[PDB]
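Report on the structure given below.
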Amino acid sequence: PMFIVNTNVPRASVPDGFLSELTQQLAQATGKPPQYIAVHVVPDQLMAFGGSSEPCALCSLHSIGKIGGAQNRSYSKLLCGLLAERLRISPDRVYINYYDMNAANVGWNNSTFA
Amino acid sequence: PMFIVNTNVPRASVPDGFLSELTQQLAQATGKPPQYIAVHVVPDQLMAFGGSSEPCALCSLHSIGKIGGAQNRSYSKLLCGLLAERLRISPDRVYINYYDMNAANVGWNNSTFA
Amino acid sequence: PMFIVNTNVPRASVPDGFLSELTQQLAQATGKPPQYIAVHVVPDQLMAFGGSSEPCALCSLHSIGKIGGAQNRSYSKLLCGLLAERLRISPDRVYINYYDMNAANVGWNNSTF
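Chain order of the listed sequences is B, C and A. Each residue of the first sequence is one higher than the one before, starting from 1 at the first, in the deposited numbering. Each residue of the second sequence is one higher than the one before, starting from 1 at the first, in the deposited numbering. Each residue of the third sequence is one higher than the one before, starting from 1 at the first, in the deposited numbering.
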């Protein structure tokens, strides 16, 4: 699984622990060992949500499986919770795009998972 | 709808008002209310297009529906026009990837759009 | 084809000529003309892979066709090799997501392909 957050919250407002917390929580949510999980956080972005520049986040979660209607509803609660608590972003100013990746379309360690 | 522009044009060259203009133009183009439109502009990127470091942009437009052959031609005219007029990027140095998202795969405010 | 690499390696560690090299190698690998290849490299990122902040990369390759089981293995070998030799990123700390784009969903030059 990989989770990317792009946000207009400044770099100094991202707690130093936030990548590790996301890693641990996403491992639990996806059922994957934390060694597999990648996280990327991009602050200081030039962005608007509904025409406003108040704090907001555009995110993505890619996984080989563990994506679907019910699972995605659950992830959105988990991840809105974390962005609200740690980055002080209103949950109605967060979008998360979910991608169920085919193992043939994910490269790692000189080869793909297929 | 979500529109993201990555570009090597410098930050100082992005006009004040660009994100609002994109929000308004996309609301008209997609027919979706401006309150739900997200826009993200990332300048100063290390990029090459055709091996050249002249101004270029790599973009994406995600929407739940309103994506298709004829509609994407129209969006590309619109958005290339804006990037040429506002950021001085030649239309032939712009790619825009279009993504028709399943509502179950777009998280927002503790749930999905499904 | 468009290749994007996000990495926590610092900008000073990206060697001169890296974007040219990627352009040239991806043209060979995909069979597309270099004039149409786009490359984007984003260093200094806040990232973790397996909970470690050691050098790592998250990448994507988008192409209209030329994406599939064998081809993607070949790209991963090529690209992980280049990230290891050029940026000193271990291959087991790289993910590359592959996207086979429909031509109707790629805009360019005031239209689509």
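By construction, the Cβ of each residue, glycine as well, lies at the ideal position given by its N, Cα and C atoms.
Task: Residue span of the alpha helix (DSSP H) that contains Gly81(C), given as start and end - done: That run of the alpha helix (DSSP H) goes 69 to 87.
- [ ] From the DSSP output, in three-state form, read off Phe3(C) for me.
- [x] The answer is strand: DSSP assigns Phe3(C) an E or B state.
- [ ] Check the DSSP bridge columns for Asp100(C) and list the partner residues they point to.
- [x] Beta-bridge pairing links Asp100(C) to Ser63(C).
- [ ] Starting from the beta carbon of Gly17(C), find every residue of chain B whose beta carbon is closer than 9 Å, and list them in chain order.
- [x] For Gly17(C), no chain B residue has a Cβ inside 9 Å of its Cβ, as the nearest lies near 11 Å away.
TODO: Give, in chain order, every residue of the region 93 to 109 of chain C whose Cβ lies closer than 7 Å to some Cβ of chain B.
DONE: In summary, the residues of the region 93 to 109 of chain C whose CB is separated from some CB of chain B by less than 7 Å are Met101, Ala104, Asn105, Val106, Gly107, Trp108, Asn109, in the order they occur in the chain.
- [ ] Kindly list, in the order they appear in chain C, the residues whose Cβ is closer than 8 Å to that of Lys77(B).
- [x] Simply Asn110, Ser111.
Task: Beta-carbon neighbours of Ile37(A), restricted to chain C and to distances below 9 Å - done: Neighbourhood of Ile37(A) in chain C, by CB distance below 9 Å: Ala48, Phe49, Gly50, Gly51, in chain order.
Open item on the list: For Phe49(B) and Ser90(B), what's the separation of their Cα atoms in angstroms?
Closed with: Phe49(B) and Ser90(B) have their C-alpha atoms some 11 Å from each other.
TODO: Taking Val9(C) as the query, report the chain B residues whose CB atoms sit under 7 Å from its CB, ordered along the chain.
DONE: In chain B, no part has a C-beta under 7 Å from the C-beta of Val9(C); the shortest such distance is about 12 Å.
Task: Beta carbon of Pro55(A) nearer than 8 Å to that of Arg88(A) - done: Yes, Cβ-Cβ distance for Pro55(A) and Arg88(A) is below 8 Å.
Open item on the list: Contact between the region 80 to 87 of chain A and the region 1 to 20 of chain C is defined here as three or more beta-carbon pairs at a separation below 8 Å; is this criterion met?
Closed with: At 8 Å Cβ cutoff, the stretches do not touch.
Task: Neighbouring residues, chain A, relative to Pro34(B) (Cβ below 9 Å) - done: Residues of chain A with a Cβ closer than 9 Å to the Cβ of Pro34(B) are, in chain order, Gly50, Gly51.
- [ ] With DSSP as the reference, label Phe18(C) as helix, strand or coil.
- [x] DSSP, reduced to helix, strand and coil, places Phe18(C) within a helical segment of the structure shown.
Task: Endpoints, beta strand (DSSP E) assigned at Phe49(C) - done: For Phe49(C), the enclosing beta strand (DSSP E) covers residues 46 to 49.
TODO: For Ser20(A), decide whether its Cβ has a neighbour in chain C, counting only Cβ atoms nearer than 8 Å.
DONE: Yes - at least one Cβ of chain C is within 8 Å of the one on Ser20(A).
Task: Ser111(B) in three-state terms, based on DSSP - done: Secondary structure at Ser111(B): strand, using DSSP grouped into helix, strand and coil.
Open item on the list: Checking the sheet assignment: what are the DSSP bridge partners for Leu58(A)?
Closed with: Looking at the DSSP assignment, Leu58(A) forms a beta bridge with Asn6(A), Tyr95(A).
Open item on the list: For the ligand SAM, I want to know if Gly68(A) counts as a neighbour, meaning its beta carbon is within less than 7 Å of at least one of the ligand's heavy atoms.
Closed with: As presented, the structure is devoid of all ligands, the ligand SAM included, so that no description of it is given.
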